[PDB]
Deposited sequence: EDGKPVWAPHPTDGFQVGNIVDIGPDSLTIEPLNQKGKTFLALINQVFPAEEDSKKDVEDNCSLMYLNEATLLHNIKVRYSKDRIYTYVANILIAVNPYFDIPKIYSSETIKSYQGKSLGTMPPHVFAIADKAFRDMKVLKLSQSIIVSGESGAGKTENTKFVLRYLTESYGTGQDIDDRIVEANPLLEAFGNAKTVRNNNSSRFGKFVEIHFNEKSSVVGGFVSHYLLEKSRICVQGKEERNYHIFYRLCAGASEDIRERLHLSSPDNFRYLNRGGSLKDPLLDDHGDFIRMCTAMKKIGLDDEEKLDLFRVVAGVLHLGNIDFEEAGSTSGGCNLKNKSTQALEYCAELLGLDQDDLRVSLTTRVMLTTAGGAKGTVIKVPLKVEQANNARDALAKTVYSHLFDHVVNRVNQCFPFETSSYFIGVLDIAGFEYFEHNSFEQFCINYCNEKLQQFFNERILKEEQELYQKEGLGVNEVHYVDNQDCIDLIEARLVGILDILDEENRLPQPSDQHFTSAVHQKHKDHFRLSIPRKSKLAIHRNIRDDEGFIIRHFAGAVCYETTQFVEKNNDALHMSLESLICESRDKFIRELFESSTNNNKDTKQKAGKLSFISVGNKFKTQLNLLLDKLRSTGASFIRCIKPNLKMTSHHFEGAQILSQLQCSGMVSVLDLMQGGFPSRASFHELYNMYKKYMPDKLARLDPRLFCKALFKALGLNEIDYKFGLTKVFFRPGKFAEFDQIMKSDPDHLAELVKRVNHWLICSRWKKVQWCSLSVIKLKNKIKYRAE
C-alpha cells in the first residue's frame, strides 16, 4: 500500500505502487501515470522513506538504507547546495560545478579543527581532520582515498584536503606554501582539456605530507602513475594536448618566444572558451618561483617543450627539423637519418618521430615530479598523511590498454575498500556489544590474479609477446584465450549481448568481468602500448645531446604494464600500513552545469565506485543505527519538555523504558541504538503518533527516571571522592 522506489530509465528510481506480485518480478504503477504499468525484478524494488521532503547528514539515519533512498537523500541535499553527505565514515561528494559561498573559507577551516565526525555538517574538512587526529592519537600513518570518474571532483577535493591540513597543522611557514603549489605545477604538465573535464588529470597521484614525532610538518612526497602518452601527438576532435604547450605559446615574453620560435597553437600539428592560457601561465610562473625554481631551470623546461612542438611539425618541415635539432641539441643530419632509416615508409617515419616526442615528454614529466619532491625533502619522519587521486571505473565506447591498466588498478583499490569497510563494521558490532557481525563481500582476487599473476597472468603473457622475434596483437590475444579458456572472469567478445562487441573477432579482443561490470577490450595496439622503450638508434641519438639538461633526462623493451604493477604494489604496501578514509566523488551531469541532477548517471557511478557492495556490508543483523545524540536531536520535539531536558544518553534509556521496546528488536549499545530490519521505521511511526498517549507513557516511567537522575549524581560524587583519595593514596 505504501509507495516504493522502482527503476526509471533516466532518473534511476521513481515512486510507484506494487499492483501485482509474481514469482520473479513485481508489477509497478508510477504515481505520475495511472494506467501506465511496468515490470521490475523483486531485488530492484526498495522501500521508501515516509517523509520525502527531509534529508539526513548521515545516510545511516535513514529508516531504510538502500541504493534508492541513498540516491534520493543525496538529491535532496544537492538541490540545497549541500554537496557532502556521509555513509558512516565514508564521504560522498557531488560536484556542484559552481562556487558555493562559505564552504571553503579559512574561517570555515577553523570551525572544523578538533571536531569529531557528525558534530559539524558533513565536509571534506572533517575527513582531513579525522586523519590528523587519528595520526596523533593512534601513532599511525593515514590515507584518504578519493575516487570517481573524470570531472567528478577528485582533484579539487584533494586540494581542499591539502589546504585544510596546511592551514590547520602546518609549520609557519614556508614548506606549507610549497605543498599547496606542488599540485598546480604538475597540472601544467599532466592535465589537459578533455570532453569530460576542462582540467583533466592525465596521470594518477599519491600525495604524502610527512610529520615528525611531535606531529609537525617535516616535508612532502609525490608519487605519479600512468601518464597518458598518446595525448602528446594526437588528440580527439574536441580535446587539447597538455596545458603547458598552450600556456607557453600564450604568455611567454617576446624574448622567450623569439629564442623558442613560438607561434599560435594552430601552427603546430601536435596542438591542432573558459580557458585562460595567458593567466594560467602567470600563475604557473608564480608557483615555479615559489618552490624555488630559478629562471635557468625554467627555460630548460620550456626548451624541451618547444623542441617537442617543432619535432611534431616534421612531415615525411625543413625549418621544423632545424628548430627541433637546435632545442634538443642534436645534429640536423643525425635526426634526419634516425627519423628516416631502419629506408623507412611514410607510416614508419611518423612512428619514429612520435616515439621520440613521447619518450622526451614523458622523461620531462618525471623530471618535473622529482624536482617538486626536491623542494620539500626530509631526512626522516615518523608518520604521513597521504591522499590518493586516480580515476575510477568509467564507460568508454572503445577500451584499449590505458583502460585495461586503470581498471586493474581499481580492482585492487576496491579490494582494499571492501577489506576496510568490513573491518569497521566488525569493529563496530563488538565495541557496541552486538557480538559477531556475519556480513561478507565476494572477493575479487581471481580477477586480480587473471591480470597480474606471474607467468600465467595477462601482463606476463603480454611481456612474452613483446619479446618475440615477430610480436603480434593477435598471437597475444589467442595466448590469453588459450591459457584462460575456462576462467570465470574472462570471455570471448562474441558472447556479448551487444552486437557491436560480437563483430570483434576472438583474436581481436576479450571480455573481463570487472567488479563494476563487463568490459570488452579491443586488443589492437596492446603490444605497441606495452613498450615505452625508445629504439636504440633513437635512444643513442638523444643521449649524446650537446645540452646537459637533455642528457640528464636520460641519466629493447621496457614493460609499461609491469612497471605499473610494481608501482601499484608499493602503493598498496603503504596503504595497508595506514588507517583509511574514503571519499566518493560524483559527477551530476554530462554538461558541466549546476543544479542538474541526472539520476541514472549518478546511480551508475554509485555502483562503479563500490557504494552498492558497501551497503550490503551495512545490512547486518541490525541494518539501522543512530547515536543517542542524533536520536535526541531527531525526536525530542515529540516528547514533553521534562524529557527534552536530559542528556541524550538518559533521554534514550528513558524513551526505550517508556515505549517498552523489546531487547531483541532494539539493542541499546555503548554509543548507539541498533534496530532490527524495519524496526527503526516502527519506532519513527510510534514517535509521530498521538502526542498525549506519548505523554502518558513518560508519566508511567517517572519514578525510575527520578531515581536514575539521583543515582547518576550520587555515584559521580563518590567517583570524584574515590579519585581524590587515589591522588593522596599514591602521594603517601
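- Residues of the deposited sequence with no modelled C-alpha atom fall in the ranges 1-2, 275-281, 326-340, 367-382, 596-611.
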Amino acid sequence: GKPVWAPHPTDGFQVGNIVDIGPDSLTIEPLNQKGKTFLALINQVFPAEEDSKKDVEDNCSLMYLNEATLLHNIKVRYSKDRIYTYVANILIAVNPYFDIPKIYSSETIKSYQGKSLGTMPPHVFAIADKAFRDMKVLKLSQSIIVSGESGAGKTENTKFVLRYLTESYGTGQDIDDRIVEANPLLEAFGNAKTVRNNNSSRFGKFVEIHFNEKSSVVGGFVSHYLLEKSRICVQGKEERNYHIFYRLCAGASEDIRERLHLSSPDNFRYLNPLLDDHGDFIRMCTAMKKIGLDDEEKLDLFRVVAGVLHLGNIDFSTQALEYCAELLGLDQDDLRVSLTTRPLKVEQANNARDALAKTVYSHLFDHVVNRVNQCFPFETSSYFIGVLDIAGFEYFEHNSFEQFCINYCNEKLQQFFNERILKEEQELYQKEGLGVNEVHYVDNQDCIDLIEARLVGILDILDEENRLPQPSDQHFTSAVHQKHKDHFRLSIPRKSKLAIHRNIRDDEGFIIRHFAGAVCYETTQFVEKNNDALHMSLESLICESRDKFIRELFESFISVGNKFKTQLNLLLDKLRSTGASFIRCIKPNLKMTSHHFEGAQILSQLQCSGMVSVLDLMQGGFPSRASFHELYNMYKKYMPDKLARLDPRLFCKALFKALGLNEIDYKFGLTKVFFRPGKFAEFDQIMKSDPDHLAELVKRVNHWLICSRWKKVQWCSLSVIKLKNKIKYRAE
From here on, numbers count along this sequence of modelled residues.
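- With 645-653 and 499-507 compared on mean CA B-factor from the PDB entry, the stretch scoring higher is 645-653.
- Mean CA temperature factor is higher for 722-730 when stretches 722-730 and 2-10 are set side by side in the entry.
- Per the deposited coordinates, the residue with the largest Cα temperature factor out of 578, 569, 525, 171 is 171.
- Highest C-alpha temperature factor among 128, 222, 117, 553, as the PDB entry reports it: 553.
- Ranked against the other modelled residues of its chain, the C-alpha B-factor of residue 583 as given in the entry falls in the lowest third.
- Residue 561 sits in the lowest third of its chain by CA B factor, as recorded in the PDB entry.
- Among the modelled residues of its chain, residue 324 has a C-alpha B-factor that falls in the highest third, as given in the PDB entry.
- Looking at the C-alpha B-factors along this chain, the one for residue 399 belongs to the lowest third.
- Residue 663: CA B factor in the highest third of modelled residues in this chain (values from the PDB entry).
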